[PDB]
Protein chains: 4
Amino acid sequence: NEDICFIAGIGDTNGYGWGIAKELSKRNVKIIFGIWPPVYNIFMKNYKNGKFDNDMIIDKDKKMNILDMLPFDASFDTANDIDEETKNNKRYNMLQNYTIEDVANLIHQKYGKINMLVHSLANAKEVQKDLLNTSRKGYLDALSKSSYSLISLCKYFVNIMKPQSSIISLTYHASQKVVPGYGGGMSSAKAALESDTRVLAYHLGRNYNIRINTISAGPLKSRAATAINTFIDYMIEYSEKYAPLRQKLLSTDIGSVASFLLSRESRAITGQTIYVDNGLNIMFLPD
Amino acid sequence: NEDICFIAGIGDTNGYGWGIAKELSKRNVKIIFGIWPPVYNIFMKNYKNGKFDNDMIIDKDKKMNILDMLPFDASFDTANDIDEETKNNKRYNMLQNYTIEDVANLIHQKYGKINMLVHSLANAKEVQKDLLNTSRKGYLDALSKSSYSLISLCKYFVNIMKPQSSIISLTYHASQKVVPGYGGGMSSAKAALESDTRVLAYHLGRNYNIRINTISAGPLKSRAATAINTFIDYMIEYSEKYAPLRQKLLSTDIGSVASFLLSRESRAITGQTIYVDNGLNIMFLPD
Amino acid sequence: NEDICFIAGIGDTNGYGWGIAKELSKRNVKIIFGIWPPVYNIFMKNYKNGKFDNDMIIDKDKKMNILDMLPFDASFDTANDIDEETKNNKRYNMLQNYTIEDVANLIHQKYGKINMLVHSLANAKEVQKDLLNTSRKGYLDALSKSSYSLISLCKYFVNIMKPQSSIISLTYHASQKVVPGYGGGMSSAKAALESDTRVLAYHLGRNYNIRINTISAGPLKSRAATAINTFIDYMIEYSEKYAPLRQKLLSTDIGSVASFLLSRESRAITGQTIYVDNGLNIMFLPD
Amino acid sequence: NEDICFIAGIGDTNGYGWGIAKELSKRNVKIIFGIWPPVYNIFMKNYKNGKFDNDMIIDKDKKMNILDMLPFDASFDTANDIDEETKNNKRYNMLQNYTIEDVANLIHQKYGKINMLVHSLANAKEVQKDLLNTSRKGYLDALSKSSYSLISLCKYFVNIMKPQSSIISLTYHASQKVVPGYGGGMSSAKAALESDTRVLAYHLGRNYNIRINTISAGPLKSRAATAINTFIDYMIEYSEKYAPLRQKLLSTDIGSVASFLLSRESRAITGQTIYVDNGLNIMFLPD
Ligand SMILES: NC(=O)c1ccc[n+]([C@@H]2O[C@H](COP(=O)([O-])OP(=O)(O)OC[C@H]3O[C@@H](n4cnc5c(N)ncnc54)[C@H](O)[C@@H]3O)[C@@H](O)[C@H]2O)c1
Ligand SMILES: NC(=O)c1ccc[n+]([C@@H]2O[C@H](COP(=O)([O-])OP(=O)(O)OC[C@H]3O[C@@H](n4cnc5c(N)ncnc54)[C@H](O)[C@@H]3O)[C@@H](O)[C@H]2O)c1
Ligand SMILES: NC(=O)c1ccc[n+]([C@@H]2O[C@H](COP(=O)([O-])OP(=O)(O)OC[C@H]3O[C@@H](n4cnc5c(N)ncnc54)[C@H](O)[C@@H]3O)[C@@H](O)[C@H]2O)c1
Ligand SMILES: NC(=O)c1ccc[n+]([C@@H]2O[C@H](COP(=O)([O-])OP(=O)(O)OC[C@H]3O[C@@H](n4cnc5c(N)ncnc54)[C@H](O)[C@@H]3O)[C@@H](O)[C@H]2O)c1
Ligand SMILES: O=Cc1ccc(Oc2ccc(Cl)cc2Cl)c(O)c1
Ligand SMILES: O=Cc1ccc(Oc2ccc(Cl)cc2Cl)c(O)c1
Ligand SMILES: O=Cc1ccc(Oc2ccc(Cl)cc2Cl)c(O)c1
Ligand SMILES: O=Cc1ccc(Oc2ccc(Cl)cc2Cl)c(O)c1
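Residues numbered from 1 in each chain as written, not as in the entry; some residues may be left out. Chains lettered and ligands numbered in written order. Heavy atoms only, no water. Residues with missing side-chain atoms left out of burial classes, pairs and counts.

### Considerations on the packing of aromatic side chains
Residues and elements named next belong to chain B. Convention followed: Side-chain rings of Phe, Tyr and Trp (the six-membered ring for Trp) are treated as a pair once their centres are within 6.5 Å; stacked means planes under 30 degrees apart, edge-to-face means over 60, and tilted covers the remaining angles. Here a strand is any run of E in DSSP of at least two residues, a helix any run of H or I of at least four, and the numbering for each starts at the N terminus. Three exposure classes are used, based on accessible area relative to the maximum for each residue type with a 1.4 Å probe and protein chains only: buried under 20%, partly exposed in between, and exposed over 50%.
Enumeration according to the criterion identifies 46 aromatic pairs over all chains in this entry. Measuring from ring centre to ring centre gives 5.9 Å for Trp18 and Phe33, while their planes differ by 50°; the resulting arrangement is tilted. Pair noted here: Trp18 is in helix α1 (residues 16-26) and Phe33 is in strand β2 (residues 30-35), with a separation of 15 residues, a long-range link. Judged on exposure class, the residue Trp18 and its partner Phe33 are both buried.

### So, the site of ligand 5
Residues and elements named next belong to chain A. What counts here: By convention in these notes, a residue is near a molecule or strand provided one of its non-hydrogen atoms lies within 4 Å of it. Polar contact is defined as a pair of N or O atoms within 3.5 Å, subject to the rule that within protein one atom must be able to donate a hydrogen and the other to accept it, and that residues adjacent in sequence are counted only when both atoms are side-chain atoms. In short, Shrake-Rupley with a 1.4 Å probe defines the accessible areas, and a residue's cover is counted only from the protein chains shown. Each residue receives one of three labels: charged for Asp, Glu, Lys and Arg, nonpolar for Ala, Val, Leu, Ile, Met, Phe, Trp, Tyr, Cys and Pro, and polar for the others, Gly being one of them.
Taken together, 14 residues lie around ligand 5, and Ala122, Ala124, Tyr182, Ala224 and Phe231 are the ones closest in. One nitrogen or oxygen atom from the side chain of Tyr182 is found 2.7 Å from an oxygen atom belonging to ligand 5. Relative to its free-state accessible area of 450 Å², ligand 5 is covered by the protein chains to the extent of 85%. At the level of secondary structure, the elements contributing two or more residues to the shell around ligand 5 comprise α6 (186-208), α7 (223-227) and α8 (231-242). Its residues assigned to classes, the shell around ligand 5 shows 12 nonpolar, one polar and one charged.

### Digging into the side chain of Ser120 of chain A
Where we set the bar: Between two residues, a contact is recorded if the distance between any of their heavy atoms is within 4.5 Å.
Among the structural elements, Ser120 of chain A can be located in the loop between β6 (114-119) and α5 (136-157). If we skip the residues at most four places from it in the chain, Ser120 of chain A touches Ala8, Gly9, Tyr16, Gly17 and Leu170 of chain A.

### Concerning the sheet that holds strand β1 (residues 4-8) of chain D
Residues and elements named next belong to chain D. Condition: Whether two strands pair comes down to DSSP finding at least two bridges between them. Helix axes are fitted only over the stretch in contact, all axes being lines through C-alpha atoms; the angle between N-to-C directions runs from 0 to 180 degrees.
The strand order across the open sheet formed by seven strands is β5-β2-β1-β6-β7-β8-β9, and the pairing between neighbours is parallel. Lying at the two open borders of the sheet, with one neighbouring strand each, are β5 (66-71) and β9 (273-276). Adjacent strand axes in the sheet meet at a mean angle of 20°, parallel and antiparallel pairs treated alike. Where β1 and strand β6 (residues 114-119) come together, four bridges link them in parallel fashion. Counterpart to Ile7 in the pairing with β6 is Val118. The strands that helix α5 (residues 136-157) touches are β1, β6, β7 (161-171) and β8 (211-217); relative to β6, the one it contacts most, it runs at about 170°. Where helix α9 (residues 251-262) meets the sheet, its contacts fall on β1, β6, β7, β8 and β9, and the angle it forms with β8 comes to roughly 165°.

### Some words on the interface of chain A and chain C
In plain terms, the rule: Accessible-area loss on putting two parts together, using a 1.4 Å probe and summing over both, is the definition of buried area adopted here. Salt bridges, as used here, are contacts in which a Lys or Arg side-chain nitrogen is within 4 Å of a carboxyl oxygen on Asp or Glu.
Counting residues at the interface gives 40 residues for chain A and 41 residues for chain C. A buried area of about 3,200 Å², summed over both sides, lies between chain A and chain C, and 52% of it is on carbon and sulfur atoms. Of all residues in chain A, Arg206, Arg267 and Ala268 of chain A give up the largest surface area on contact with chain C, accounting jointly for 21% of the area buried on that side. When the shortest N-O distance is used, the salt bridge between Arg267 of chain A and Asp253 of chain C registers 3.0 Å. Taken together, the connections running from chain A to chain C amount to 26 residue pairs in polar contact. Counting residues per element, the ones that place at least two in the side of chain A that touches chain C are α6, α8, α9 (251-262) and β9 (273-276) of chain A.

### Quick word on the pattern of salt bridges
Residue and element names in this part refer to chain A. Scanning the entire structure with this criterion turns up 40 salt bridges over all chains. Linking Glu23 and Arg27 is a salt bridge whose minimum nitrogen-to-oxygen distance equals 2.7 Å. For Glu23, a relative accessible area of 6% translates into the label buried. As a salt-bridge pair, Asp68 and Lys110 come within 3.9 Å of each other at their nearest N and O atoms. With a gap of 42 residues between them, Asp68 in strand β5 (residues 66-71) and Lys110 in helix α4 (residues 100-111) connect regions that are remote in the sequence. Relative accessible area serves as the criterion here: at 17%, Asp68 is assigned to the buried category.

### Observations concerning the interface of chain C and chain D
With 40 residues of chain C at the contact, the number on the chain D side is 40 residues. Summing both partners gives a buried area of about 3,300 Å² for chain C against chain D, and 63% of it is carried by carbon and sulfur. Counting across the chain C and chain D interface gives two salt bridges. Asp77 of chain D is the partner of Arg136 of chain C in a salt bridge, and the nearest nitrogen-oxygen pair spans 2.9 Å. Put simply, chain C and chain D have 22 residue pairs in polar contact between them.

### Thoughts on the relation of the copies chain A and chain C
Applicable threshold: For this overlay, the copies are fitted by least squares on their C-alpha atoms.
Rotating chain A by 179° and translating it 0.0 Å along the rotation axis places it on chain C, where the RMSD comes to 0.5 Å. The superposition operator between the copies reduces to a two-fold rotation axis. When you check the interface residues of chain A against chain C, 100% turn up at the interface there too, and the contact is symmetric in its surfaces.

### Re the site of ligand 7
Residue and element names in this part refer to chain C. Not every one of the 14 residues close to ligand 7 is listed here, only the nearest: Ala124, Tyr172, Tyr182, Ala224 and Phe231. One of the side-chain N or O atoms of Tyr182 is found 2.5 Å from an oxygen atom in ligand 7. Considered on its own, ligand 7 offers 450 Å² of accessible surface; in the complex 85% of this is hidden by protein. Going through the elements one at a time, α6 (186-208), α7 (223-227) and α8 (231-242) are the ones with two or more residues in the shell around ligand 7.

### Some remarks on the relation of the copies chain C and chain D
Its rotation angle being 180°, the transformation that places chain C on chain D also includes 0.0 Å of axial translation and leaves an RMSD of 0.0 Å. Counting the interface residues of chain C, we find that 100% of their copies in chain D are interface residues as well, pointing to one common contact surface.

### Details of the sheet that holds strand β1 (residues 4-8) of chain C
Residues and elements named next belong to chain C. Strand order across the open sheet formed by seven strands is β5-β2-β1-β6-β7-β8-β9, with parallel pairing between neighbours. For this open sheet the edge positions go to β5 (66-71) and β9 (273-276), each flanked by a neighbour on one side alone. Averaged over all pairs of adjacent strands, the angle between strand axes in this sheet comes to 20°, irrespective of strand direction. Here six bridges tie strand β7 (residues 161-171) to strand β8 (residues 211-217), and the two strands are oriented parallel to one another. Opposite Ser169, over in β8, you have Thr214 as the bridge partner. Relative to the sheet, helix α4 (residues 100-111) contacts β1, β2 (30-35), β5 and β6 (114-119), its axis offset from that of β5 by approximately 150°. Strand contacts of helix α9 (residues 251-262): β1, β6, β7, β8 and β9, with the helix running at about 165° to β8, the strand carrying the most contacts.

### Re the packing of α6 of chain C against helix α6 (residues 186-208) of chain D
Stated formally: For classification purposes, angles smaller than 35 degrees are called roughly parallel, those larger than 145 roughly antiparallel, those between 65 and 115 roughly perpendicular, and all remaining angles oblique. Rotating anticlockwise by less than a right angle from the far helix to the near helix defines a left-handed crossing, while the corresponding clockwise rotation defines a right-handed one.
Axis separation between α6 of chain C and α6 of chain D bottoms out at 8 Å; the angle between their running directions is 140°. The orientation of α6 of chain C relative to α6 of chain D falls into the category oblique. Like other packed secondary-structure pairs, α6 of chain C and α6 of chain D cross with a definite hand, here right-handed. The residues of α6 of chain D that touch α6 of chain C, namely those facing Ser187, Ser188, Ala191, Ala192, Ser195, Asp196 and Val199 of chain C, are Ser187, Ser188, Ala191, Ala192, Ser195, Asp196 and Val199 of chain D. Across the contact of α6 of chain C with α6 of chain D, the residue classes tally to six nonpolar, six polar and two charged.

### Some details on the UniProt feature "binding site: NADH" (unreviewed entry) in chain A
Residue and element names in this part refer to chain A. Our working rule: UniProt positions are given in the numbering used here, feature names are shortened, and annotations may be inferred rather than shown by experiment.
UniProt's feature table lists "binding site: NADH" (unreviewed entry) at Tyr16, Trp36, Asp73, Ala74, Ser75, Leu121, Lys190, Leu220, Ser222 and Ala224, given in the numbering used throughout. In three dimensions, the annotated residues from a span of 209 residues occupy distinct locations, with a maximal C-alpha spread of 24.1 Å. In this fold, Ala74 is placed in the loop between β5 and α3 (84-87). On the secondary structure map, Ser222 appears in the loop between β8 (211-217) and α7. In this structure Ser222 comes out as buried when scored by relative accessible area, which is 17%. Once residues lying within four places of it in the same chain are set aside, the contact partners of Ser222 are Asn14 and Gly15.

### Describing the packing of helix α1 (residues 16-26) of chain D against α9 of chain D
Residues and elements named next belong to chain D. Across the interface, α1 lies against α9 with an axial gap of 7 Å and an inter-helix angle of 55°. Between α1 and α9, the crossing angle belongs to the class labelled oblique. Considering how the two elements wind past one another, α1 and α9 form a crossing that is right-handed. Along its contact with α1, which presents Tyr16, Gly19, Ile20, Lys22, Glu23 and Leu24, the element α9 presents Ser251, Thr252, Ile254, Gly255, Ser256, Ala258, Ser259 and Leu262. Taken together, the residues of the contact of α1 with α9 break down into six nonpolar, six polar and two charged.

Following this line, the structure appears as structure tokens:
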């Protein structure tokens, strides 16, 4: 029977979420996009305007099958959690049912139980400051949006998931080793994410027979990556120069691994940080 | 010349902070206690009442030399950050200059530049819930109080520290491996703490020639440990049964290591998680 | 089209080698078995008699496509390494082209370049002794047969492998955490093997565009697992009781991850220790 | 009172062994040098002539207290292991009681039980070759001399050591991350050695109440470091440029950590790889 995957964190076609959606489509997985409200209408415009048609090609006979595309904000757990300021926002005022709980309800109401969950989102409002100059509000924002949001996602989605479902998120090696430009408590958020992945694997594994893993991806010139002050170009030039595999890293490279982790093929893997980065993580120094 | 250590996180004599204060005293380090406001007066009462006199004995000729004891709340960065509710609290209303910045100023005003800093505090208001049932507010509290507080401590204290100063904090292996009762995002807070320790080592090391490390201690029946629902007794019974070293773990065991890390003897060590837990971390399973 | 895999280390159908063969067979990969001479003829007689006929049942009717079965000894790099006594041993006198180089040469002659390599073998004379009690000779035996053998397979098989080829081995968590009973220097060999996997990922990735990883498998009741003093019953019981995923771990659970890592889907993963143990490695203590 | 340390691996004053001896000497520990026979006599002639007289200067006048200097070869476990050719080699014919057991026996006879043990030696015939190019013999050479030797020292010295004694060795980060140039299987040996340190911490902690750890030292221009193909100049330059702590790493920086780990102050630490490299290990890439 059909499998359904909710992917939280799609803003365009240039990030890992799209890559994952693409590769799942090779396997005939029905895709639901969770899109952050501020960029939801523009995404919808581009999509309707056919801007993504070329990017939706799987191959000769296949074309990405997107079930639905919904507004999703990981800043908010339930309806009660939205503040008046966001309520009164140009971009949000015209949308509804976009809190993490509302989306689970809405999906379940529309299409029943799902069996695949992808957390592909991060945010840190002080990413451009180093850790030592990051404010408490800044740091807790990184953690709220980039780490707590995985926990909330699970808390609310497990009700609408079949036994033997699988969940993945995306991390970065800044958590384990210093990467000077990865500021604002983003390194910290990733660190908590990778540990939470373990603690969750235990809970979800024991209570629901549901698996959860995280992919530590190498650099990709995505929207958010360009936001960091360029960082991402140095990162890519460095990976391509010194990684064991001197080949350009594509989002569908992470996509194919995500697909495997999300399938019954990896029935015995849970609680892991899997490195999909051309082996760059294994190097001590430039050679 | 004299060395001064600020220890943040002393509530009684039964935790790691006291252990560290004791061992630093063997080396004639002047100790300043940072004490959380809610328990400051009771600590002061006990101290004046002589309740701690036996616990202050170093040995035949030495007696812990406590320079000062100040109210300290890691919840608050500066004066501006205190809310009206805490302002209007029985325990705080009668105290002042207890925010992280105020304490650095106050210490520096009183005794000049210090050269040793100890973060020995944690808190998580939902520690009794597992990760999956922890609320966003709960989780961010763990992180604010247990992890951001190290960053803030450094941001503000480096101004009042000599070159070649050293800083330590305390972590727990729950960050790296699942420990089912360590709830409320405490595992997450520790994970972020250990990663932050690295990122900070880079910044402080390069800019100020200041070192920072963290000690992953094994279980000790402390005030906060008894708070966890008992957990701590199982933990201790287990460590004593299966650790490589079948010997009771004492706070001064962590104390002696802290003393070494805080001294010039470990001039070449920074950014590390050091395990002071009778080797328990090396075991896969009960033997 | 025309994927060929050499699986080094199969004596019967109760191992992880068998499980890897079955899952690869499912993707229509051509299987070549490398078989240690002590057990080769009993394996062939068993095979011809159709004792494995039941074990080759894949799903609804599909049967294993074993392309060849070759005598193989990972002890010997080249014909010139073989000592006179082994050459004339009862079980070896009747066999040829069983050294690492010779099986490389052989495979190439009969089938051309292959693109998949599985190191699925370990040995140690003194596995029953704990590390402290292991002789220099028995430790070097363990390293030689269990660790050097991977380096040697690589040096020789890289010649007969197409660019973008993939290589896996199997490891155990005793290299990272203490597991009493895993003696003879087998933990040392797994440690070395997990570290050689990184060093090799570098050389092979840069010079040949070939990937190599290692699977850290959970416990399985194979022939060799029993030769360890029982140990394995305890291991399996511990695992089924305490793992996040309380299911029986099957050889085909490993096989499908092996399959994935050998395929182009894992193009961006190299140098890695991938855990396939139902998440047991993430646990600190039992509950 | 009456601490005795056997330091295995000193040829001159340019190593980490020298640095360990100097720092131990500062705490009034009695030093016994174990000296590889190829360099023993040139070391003695040098010593008697007072070539090391300058190097024994500690602080304001204090000089090293070398209690003994013994020929020692970690290749040989017992007299019966020594091959006829080595026995009659020019440099060995004039020496006795140089195997591991014999130096144990010897030390015990002349001084009684000791309480500190330093493994400060490595070797590999084919260090100049990369892993892929290393022969079976040269790999086993590396493991034998660099890794087995620690297990063997332990098995024999535990007999002549008091409860609560301590044991250190030296390792390098090439076991965990790829370092081209660190060939011959030296990375494999360090991997094995860091894993054997855990296994040994278990046995020795439980059966003898003895601790063992390992220091992962940063680069130092010792005799052996130069024998590696230059490699070390590059290593030191990289390290001084990119480490969190941009200071020159001295042998005595290692020595004072060794001292700490051998003393009772580290009573609760066992099984650990302690990094002494100015924090370089925490770095992902240069800046
Ligand atoms: N791009 C890289 O180099 C790289 C390397 C390692 C890991 N990652 C991880 O991969 C994931 C995907 O990011 P990306 O690199 O593809 O960039 P991206 O911009 O394509 O993805 C990030 C998405 O998160 C969404 N988002 C931001 N705040 C949100 C909120 N409050 N609620 C819901 N959604 C929100 C944004 O709309 C954006 O589309 C990220 O979590 C990132 O940490 C990326
Ligand atoms: N006790 C253990 O078993 C154990 C094991 C590993 C690590 N640790 C760590 O050691 C450290 C010391 O704790 P402990 O175990 O000695 O218990 P403890 O209760 O003695 O120490 C915790 C202290 O933190 C203080 N504190 C709480 N909230 C604060 C705030 N907002 N601002 C300032 N101070 C605050 C409390 O007053 C308390 O005295 C903790 O960080 C803990 O995580 C403890
Ligand atoms: N069985 C487990 O529970 C388990 C758990 C983790 C890892 N592993 C790993 O899996 C591998 C073994 O698989 P298994 O557990 O099914 O045991 P197994 O006995 O089924 O497989 C090992 C095979 O290797 C062959 N072999 C031994 N020495 C050889 C040599 N010198 N040259 C060629 N072949 C040789 C043997 O004939 C044997 O059939 C080992 O690397 C082991 O470390 C096994
Ligand atoms: N030098 C560095 O930069 C560095 C960095 C990390 C680790 N280490 C470790 O330190 C140790 C060596 O110290 P070093 O770097 O000062 O080199 P070194 O040459 O000064 O010390 C090694 C000594 O071991 C002795 N030795 C060699 N084979 C022996 C045997 N079979 N029996 C007894 N003794 C033997 C040699 O005589 C030599 O003096 C090694 O374990 C090495 O891995 C060194
Ligand atoms: O090159 C490494 C890299 C680049 C981008 C990443 O994603 C983000 C980074 C920061 C922020 Cl604020 C948001 C996101 Cl989605 C990331 O995790 C790692
Ligand atoms: O036995 C392990 C253990 C016990 C206590 C600990 O400290 C705390 C734990 C939770 C909270 Cl809310 C506060 C503190 Cl100080 C800890 O870190 C680990
Ligand atoms: O339970 C875990 C386990 C069981 C078996 C294993 O394989 C071997 C273990 C020792 C020897 Cl000599 C040979 C082999 Cl194939 C192993 O690696 C781990
Ligand atoms: O720069 C890092 C470095 C330098 C020297 C080292 O020691 C050796 C290295 C190889 C051999 Cl054969 C012997 C020894 Cl003592 C080492 O371990 C690491």
